[PDB]
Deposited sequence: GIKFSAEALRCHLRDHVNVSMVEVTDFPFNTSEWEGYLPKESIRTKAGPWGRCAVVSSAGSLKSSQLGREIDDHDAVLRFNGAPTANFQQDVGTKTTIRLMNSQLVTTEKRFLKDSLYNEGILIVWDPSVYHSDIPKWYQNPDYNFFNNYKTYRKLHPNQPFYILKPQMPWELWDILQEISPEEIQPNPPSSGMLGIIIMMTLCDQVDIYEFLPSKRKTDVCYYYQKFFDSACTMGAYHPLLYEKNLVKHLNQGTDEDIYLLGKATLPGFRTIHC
C-alpha cells in the first residue's frame, strides 16, 4: 500500500512538481529563431483561477456514460490529444477549455494542422525528455521533434494560446509515482491524463475527474471515439488518484467520477 496519507501526498505533489510552461526567457527559446512564437503572457493569466473543473479521460467507458451535463457543469474542462466532442456531446460534454496534447500527435498526426477541433480553448503540448535533462539538453533531443509543427500551427492560429510544458514536470511527477509504488513502476513518463490532473489542480479549487478510475462501464474499448480495434488498442496512476479522492465510492462506480482538491485549497 501507499505509505503516506492523502494530505501528505498532496503536499508532496504541490512542493516537488513544478507545473510551468517554457518561457520566452528559457534558452534556446530566446533565440532569434524562436522570436514571437511562445506566449508571452503566463498561462495563469489566460487559464483561471477557476472554482470547479472537469478532467475528461479519453477512456472507452465514457461511451454511453451520458456524463455530458455533469461534465459541462464546471468552470473549465480539460481534454486530451484529439478527443472530440462532436457526435459525443451527450457522453463527454460540449466545453473544451484546455487541451493537453503529446508531442507524438503534434509531430505525426496530419489532422493536427487540418481539423478545426484543435482551434478551441488553450493548447498545451508536452514531450518526454531524458530523465533529469534541462531545457537546453532536451531541446537537442526531444522524443518527437514537434517544434516545426508547433511553429506552423502558431502561424496559422496566431491568437490561440499554445504553451509547451517544461520537460522537468513529467519526471517530477514520476518521482512521486515511484515513491508510492517503487517495485511496480515502469520507466515510461506519466500519461497525459495524469499530467492533466496535476495541471488542473494548479488552476482550480476542485477537480472532478471522469472515467480515469473505472466505473460500471469498464470496457475493452480503449478510447470512446474509437471506431474499431487496431494497434492503438497507469495502474499506479489510478492508485494515486484513488488515494487522493474525496468523492464517494458510489460516484466512482456510477459516474466514473473522482474529486480531488486543488493545490490552492490544501494546508501544508
Deposited-sequence ranges lacking C-alpha coordinates, in sequence order: 234-240
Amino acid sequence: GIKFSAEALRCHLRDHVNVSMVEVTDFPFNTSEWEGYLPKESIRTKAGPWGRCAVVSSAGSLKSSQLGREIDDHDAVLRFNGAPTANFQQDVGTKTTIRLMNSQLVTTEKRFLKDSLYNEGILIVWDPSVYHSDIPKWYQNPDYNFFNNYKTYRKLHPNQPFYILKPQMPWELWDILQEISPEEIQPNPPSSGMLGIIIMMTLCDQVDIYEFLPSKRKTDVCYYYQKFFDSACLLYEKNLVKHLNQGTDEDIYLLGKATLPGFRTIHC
From here on, numbers count along this sequence of modelled residues.
Between 180-188 and 73-81 (mean CA B-factor, as deposited), the higher: 180-188
Mean temperature factor over C-alpha atoms, higher-scoring stretch between 147-155 and 171-179: 171-179
Which of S57, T219, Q66, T202 ranks first by CA B-factor in the deposited coordinates: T219
Per the PDB entry, maximal CA B factor within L38, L62, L235, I43: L235
Relative C-alpha B-factor of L240, binned into the chain's lowest, middle or highest third: highest
Ranked against its chain, the third holding the CA B-factor of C53: middle
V22 by Cα B-factor - lowest, middle or highest third of the modelled chain: lowest
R99, C-alpha B-factor rank within chain (lowest, middle or highest third): lowest
Third of the chain's Cα B-factor distribution that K166 belongs to, per the entry: lowest
